[PDB]
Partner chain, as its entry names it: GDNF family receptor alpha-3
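Only one chain is shown below, in structure tokens, and it's the form deposited without its partner chain.
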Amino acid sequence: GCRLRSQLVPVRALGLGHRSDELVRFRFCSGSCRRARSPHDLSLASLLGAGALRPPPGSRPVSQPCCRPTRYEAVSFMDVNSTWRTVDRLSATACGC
């Protein structure tokens, strides 16, 4: 089910090009949404499940909603030199299909 996920991660993995060992909170969104399936969503899946559609150029169409953050909040941390820093809208605080 689509919901908010929470874990402690090293800021050096946040891709913010930051050097630092500090487990900080990082929340995000994931889970299923197949239950938010519309009539259109149902027909697309039916066409795809029968190979009735030809693959559009690129990535395959997705036939249900996507669990995605709807709200956000900053992520603070102590760097290598022990100084506080903050990156806005980095962690999610609410989700939705």
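Here, rigid core means the biggest group of C-alpha atoms that superpose within 1.5 Å across both forms. Numbering follows the first chain given and starts at 1.
FYI, the form solved in complex with its partner chain isn't displayed, but the following is about it.
Contacts between 62-97 and its partner chain, taken as any heavy atom within 4.5 Å in the deposited bound form, involve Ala74, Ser76, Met78, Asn81, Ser82, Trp84, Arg85, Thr86, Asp88. After superposition on the rigid core, displacement of the C-alpha of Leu42 between the shown form and the other one stays below 2 Å. With the core superposed, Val62 shows a C-alpha displacement below 2 Å between the shown form and the other one.
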